[PDB]
């Protein structure tokens, strides 16, 4: 059965892909984001502004709301913290107030940054059973996402609202624009393509997830929505690589050596190891990513080369 779905942050990277995927499945989808655009089934709403949020829900009825509207990224959160807190937290509270009033089901976008610098396997239950000091969030961005999770749980507890939280991991792929405030993959690709120098912080491990894969699993939440649940959504546990390995994949795909690269040991204040357990998404959400990092990076290099015309 097809649903009426709101996607806030629907003009962003995951949001755009998710909107298209949901529409591809036959759902009716309103995309909402912070700017005006040309596109149909689109509405500008600053989620910081209660009146604008209420306006969304006055115009349309929704079965499901994917809430992605956010100031994304740890460095962004430090440099633009006012926008960060107002959007990520007050916006989420406005959305929860709407949810309490209207009873839609919500998919809340948190972040695997909620796990802080935890160096064990990032299973969802780390944010339940582990000593609280394991996951002290390392930047404001990460704290907003954890605050959002707490607010979702308090709302469910107080009003019986129905919410699934997701913790996206290190999503990358075609249609993600470059900026210096994006994740490492688009930074590496854009710099490599332009033969421009960039830094690799060696002492870190990540699992990158291809947008098409992650979006398929996000879209699957509608088909198996379990109120109160939380899911890591990302690649595969065994797709862990260190940062040099990812850089080398980018350089290989561009076809250049690492002469443009400055290597540093570690990025301060940055999660060392971010190795995720996806068994829960595998169980409930038919999580089955098809695009491993080598292949994904190639596709992303190809998209960036074409899109920025290198």
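Numbering follows the first chain given and starts at 1.
The stretch with the higher mean CA B factor, choosing between 287-295 and 9-17, is 287-295. The mean Cα B-factor in the deposited entry runs higher for 39-47 than for the other of 39-47 and 64-72. When the Cα B-factors of 192, 233, 153, 95 are read from the PDB record, 192 comes out highest.
When the C-alpha B factors of 34, 251, 53, 30 are read from the deposited coordinates, the top value falls at 251. The entry lists a Cα temperature factor for residue 222 that places it in the highest third of the chain's modelled residues.
Residue 199 sits in the highest third of its chain by CA B factor, as recorded in the PDB entry. Annotation for residue 177: CA B-factor lies in the highest third of the chain's modelled residues.
Per the PDB record, residue ranking by Cα B-factor puts residue 171 in the lowest third of the chain. Among the modelled residues of its chain, residue 112 has a C-alpha B-factor that falls in the lowest third according to the deposited record.
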